[PDB]
């Protein structure tokens, strides 16, 4: 089991990212190679200091709350000017996450992948192939057979306003951490089928941010024993161990592949 932030001031859109950050093995490896004065160093050190407290009555819990809330508040205040929110506002991790990554260039590099949007209209000839570099791409109305190796979705054609052409993301260079956002979730929720190899390295879904009831974000973490940890900040500071994956397929909001 593991510790997590408690809900307050509608900050689940930030808690879900923070929970996702502390359980990434690649990030933890990067932060301990760097050499101090990092926002991510402060985040993971305060998190482990809090998780060791949980491993060990009420006095212990206020210290944990203080360690997690201190670094959460620092991150929120850092995100506030660009994201333009007032404390207590609702917001989206799709917007907050890349702004969060830009706080440390050495950490953002772990997430920056290169790809190309490949498009070819079947009604008329309009066609393009555009290279991009992103840390979080949004997919909407994906084809049912959607796979990272066949990352296609339905879209209109800008030349003839025909609907149901297909735009496809062709991965070109995948970072050690690879994240995607799905407006309507994934076609199905057996996450093992969304594992993929790319240039010799296996990528598996290690964590997922769930979007429940169109009003609340919750983080799911894959542990070593195959079990899962549900970090619903509404369910207080502790987390919950689940025997198997549980988010409804339509509530899979952000998917994080790792394992480089």
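Residue numbers count along the first chain shown, from 1.
In terms of unmodelled positions of the deposited sequence, the stretch from residue 35 to residue 36 in this entry skips 1 to 3 residues. Missing deposited residues between residue 192 and residue 193: none, as the chain runs unbroken there. On average the C-alpha atoms of 85 to 93 have higher B-factors than those of the other stretch, with 174 to 182 and 85 to 93 being the two compared.
Stretches compared: 4 to 12, 250 to 258. Higher mean C-alpha B-factor in the entry: 4 to 12.
Among 116, 135, 122, 138, the highest C-alpha B-factor recorded in the PDB entry belongs to 122.
Each of 142, 149, 99, 160 has a CA temperature factor in the record; the biggest one is found at 160.
Among the modelled residues of its chain, residue 217 has a C-alpha B-factor that falls in the lowest third according to the deposited record. Among all modelled residues in its chain, residue 30 ranks in the middle third by Cα B-factor. Ranked by C-alpha B-factor against the other modelled residues of its chain, residue 129 falls in the middle third.
The deposited CA B-factor of residue 103 belongs to the middle third of values across its chain. Per the PDB record, residue ranking by Cα B-factor puts residue 210 in the lowest third of the chain.
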